[PDB]
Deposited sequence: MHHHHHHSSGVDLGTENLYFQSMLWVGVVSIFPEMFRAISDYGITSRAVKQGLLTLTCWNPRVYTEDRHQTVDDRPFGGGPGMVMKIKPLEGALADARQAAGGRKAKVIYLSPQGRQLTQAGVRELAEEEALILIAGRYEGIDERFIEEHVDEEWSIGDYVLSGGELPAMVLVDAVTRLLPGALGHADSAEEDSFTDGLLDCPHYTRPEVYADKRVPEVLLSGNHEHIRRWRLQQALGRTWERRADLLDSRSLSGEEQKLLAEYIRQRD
């Protein structure tokens, strides 16, 4: 049926309209490249206002997500994935940092179940028991895992065949040619493909070196790349 099956465990399934109703994610859902389902732990509660948080053992601020509701939603999602190999990922700052390399890897999966936490987190025993991998979108703290989940799905969905390198991007220009006495680089106005390719590559290399030299220390460069970057540096004020 679909290339990527995603099940999201979240108490705010309504938030995932941002990727289901918009962009390539929406387009992939309609094309059937991407199957997106939501599983509200709040529905697998058996009480008052469908409470899914409790007070933490040992005290402290905040609340913790109870096991029982989470258990429900995850069991349902696992069933819903069928005979697909589903990786269960918890979105948390304690997880492995998401990078483009990590995204390419994640795009090879046939099914993902994403747990979005709220409050202080979920019970460590749930994680021990049910979670295959922990992923972080960066070294900052968000109020929940819904946005991280959606970030992950967006990045991964981009790489799916028929949806649409360690360098930063070149600058981009479009109409008009001149705007408030700021003209577009001449090289992009000459129809020459080879000059344009060389200039963009060099600008990419230059910006990478200027702002993210760490990306250059990981990736070894081609001979042409070394020359173009050298020329960039030596010809800059």
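Enquirer: Walk along the deposited sequence from position 1 and note every stretch that has no C-alpha coordinates.
Expert: No coordinates exist for the deposited residues in 1-20, 185-196, so these stretches are absent from the model.
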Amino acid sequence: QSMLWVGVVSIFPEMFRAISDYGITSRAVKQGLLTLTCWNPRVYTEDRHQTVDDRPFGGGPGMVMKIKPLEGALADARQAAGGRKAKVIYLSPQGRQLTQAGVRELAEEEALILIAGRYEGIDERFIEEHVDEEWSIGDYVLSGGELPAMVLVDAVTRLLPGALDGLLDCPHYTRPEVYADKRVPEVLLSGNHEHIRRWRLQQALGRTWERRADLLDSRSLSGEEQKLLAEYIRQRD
From here on, numbers count along this sequence of modelled residues.
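Under this definition, the rigid core comprises the largest set of C-alpha atoms superposing within 1.5 Å between the forms.
Enquirer: Overlaying the structures in 6 other deposited structures of this protein on the rigid core, point out which of 186-194 and 23-31 has the bigger RMS C-alpha shift.
Expert: The stretch that sits farther from the shown form in 6 other deposited structures of this protein is 186-194.
Enquirer: Determine, for 5-13 and 221-229, which one has C-alphas that on average lie farther from this form in 6 other deposited structures of this protein; superpose on the rigid core first.
Expert: After superposing on the rigid core, the more displaced stretch in 6 other deposited structures of this protein is 221-229.
Enquirer: Averaging C-alpha B-factors over each stretch, which comes out higher, 178-186 or 43-51?
Expert: Looking at the record's C-alpha B-factors, the answer is 43-51.
Enquirer: State which stretch shows the higher mean Cα B factor in the entry: 144-152 or 127-135.
Expert: Result: 127-135.
Enquirer: Have a look at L201, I67, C38, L34 and flag the one whose Cα has the highest B-factor in the entry.
Expert: Highest C-alpha B-factor among the listed residues goes to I67.
Enquirer: Taking the values straight from the PDB record, which of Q79, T157, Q94, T99 has the highest C-alpha temperature factor?
Expert: Of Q79, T157, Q94, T99, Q79 has the highest C-alpha B-factor.
Enquirer: In terms of the CA temperature factor given in the entry, to which third of its chain does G162 belong: lowest, middle or highest?
Expert: Ranked within chain, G162 CA B lands in the highest tercile.
Enquirer: Based on the entry's values, in what third of the chain does the Cα temperature factor of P171 lie: lowest, middle or highest?
Expert: Middle third by C-alpha B-factor.
Enquirer: Looking at the C-alpha B-factor of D21, is it in the lowest, middle or highest third of its chain?
Expert: It belongs to the lowest third of the chain when residues are ordered by C-alpha B-factor.
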